[PDB]
Amino acid sequence: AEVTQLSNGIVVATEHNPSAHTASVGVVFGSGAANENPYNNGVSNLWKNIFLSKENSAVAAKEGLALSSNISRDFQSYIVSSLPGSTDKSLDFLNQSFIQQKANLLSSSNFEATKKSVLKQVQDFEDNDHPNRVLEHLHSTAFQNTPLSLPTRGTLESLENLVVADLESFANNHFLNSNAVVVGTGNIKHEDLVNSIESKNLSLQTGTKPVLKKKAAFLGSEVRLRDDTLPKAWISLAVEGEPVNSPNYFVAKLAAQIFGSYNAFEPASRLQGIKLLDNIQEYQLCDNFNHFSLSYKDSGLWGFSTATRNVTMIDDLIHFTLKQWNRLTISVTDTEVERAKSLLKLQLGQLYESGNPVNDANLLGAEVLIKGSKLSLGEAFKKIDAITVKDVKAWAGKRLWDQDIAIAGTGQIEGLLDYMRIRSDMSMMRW
Amino acid sequence: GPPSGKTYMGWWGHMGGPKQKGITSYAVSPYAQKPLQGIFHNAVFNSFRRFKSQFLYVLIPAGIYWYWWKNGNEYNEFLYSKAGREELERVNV
């Protein structure tokens, strides 16, 4: 449970955990899809794909190393996993690919074979992964004409028109030092890694900063992707949430836990202590749903997602759910808040502490990049337990009560009523 | 309840139209839109258009009927004045 981080030339961050069996090293950049443009959208996803290409991947495999990378909105990360002993051979492969081979990975035979893969990849996504496709579109309309609206995997149109020069252009503007953090998780010590790094000098484009832009903003709107040939209806709905490093980051995350997630087929799920289940189970209004409090640097999204085959009662699904959310402003109970506290701790635990160093790396790098440090799991619990009913009520009265929303859906959505109908349910009549 | 006869209109979720696919709609909350005042400068010269295409279908039949009415009226007035008491005895009975 130690968050160690020191700066010499490069800001090095590590979180050691003795019993681990393995160790992971890599760099995480403070720039992701939210830094691209509508036309070069998909560059970051492309980088990730070449970094994992058959050529580069075969080199580290001989050495007994494994590769992993993830593209997000605010950040990007390249990671190399290894045994606790080869904690040095990872640092060689890292520098070899980001300085020496930052021109060998971009050959006219590799880039074309990779481009052909992300194209079949992103296409496959839009053709079949409906729930994620919808959540991606939710960000698209909620933050339109603003950074957060750009899909992480990029659009098929900005992708097929992307050239090697664009990769370089992006890389030379974001893969800088002042916008980077070298992460090390697994078992290796902070002082073990920091030495192998402060050994090899060379700055490589120092003093350079990435370009700036215009702040992200929420806009009440919707995008309806009707498709009557699909067998279900997938919809996502949300209000403007909380950004990371916000006084209410936790109240919000707790508020989502109150309604939580559900799966109509799993017996135990049907028994949960969520009032909403009394309303939706009578006529079986949906196969599943899940609330969330997504947070980013400039903004966030608080809402839920759901999938259903009861295409003639979608208005009741949406109506009941939004009536429950009304309660957070006027009648949420102590026991509901308490049930949430326990469950939030359990999930926040399983995330920050799993048996996989790669997840730890991403989380560590991402956090240190936005707030210059990581909040310890124990420090979180103290904040979570401190939340009162009054807090939830004040938060909801600001974020949920009579506030614009964003909607997105695909499939048999004829039954999803108009905007103003849904919008009206964000409140209740009173004397 | 008792079985219902087939119609040409259903209800939300089974309205009776053909299967839709490929069409994508977008909308913005009325709350985020410019308060009602922009219905001028941009929406003024555009207006009155939906009557410049129609007035003929209304004006001609109107004109025809107005002249027919005015003609018969002026004729009536003449017939019952002094000058027309002669023609009145001709057309009357």
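In what follows, every heavy atom counts, from backbone to side chain, and hydrogens, waters and symmetry copies are set aside. Naming: A, B, ... by sequence-line order, numbering from 1 per chain.
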Proximal to chain B - members of residues 408-431 of chain A, heavy-atom separation under 4.5 Å: A/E414, A/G415, A/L417, A/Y419, A/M420, A/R423
Applying a criterion of heavy atom separation less than 4.5 Å, what residues of residues 2-21 of chain B form contacts with chain A? B/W11, B/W12, B/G13, B/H14, B/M15, B/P18, B/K19, B/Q20, B/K21
Quick check on B/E77: does its CD atom have over 12 non-hydrogen neighbours (other residues, nucleotides or ligands) under 6.0 Å away? no
Is it true that atom CG of B/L56 has more than 12 heavy atoms of other residues, nucleotides or ligands lying nearer than 6.0 Å? yes
Residue by residue, which of residues 293-304 of chain A have a heavy atom closer than 4.5 Å to a heavy atom belonging to chain B? none
Who among A/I407, A/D315, A/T229 has the most heavy-atom pairs with chain B under 4.5 Å? A/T229
Take a 6.0 Å sphere around OH of A/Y283 and say whether it holds more than 12 heavy atoms from other residues, nucleotides or ligands. no
Can you tell me how far CD1 of B/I23 sits from CG of A/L225, rounded to the nearest 0.5 angstrom? 11.5 Å
Against chain B, residues from residues 392-406 of chain A with at least one heavy atom under 4.5 Å, in numeric order, are A/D402, A/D404
Determine whether more than 12 heavy atoms belonging to other residues, nucleotides or ligands lie under 6.0 Å from atom CG of A/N161. no
Quick check on B/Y57: does its OH atom have over 12 non-hydrogen neighbours (other residues, nucleotides or ligands) under 6.0 Å away? no
Pick from B/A32, B/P30, B/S29: which one has the most heavy-atom pairs with chain A under 4.5 Å? B/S29
Taking everything shown except A/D278 itself, do over 12 heavy atoms lie less than 6.0 Å from its CG? yes
Least distance between heavy atoms, A/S221 atom then B/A27 atom: CB-O, 3.1 Å
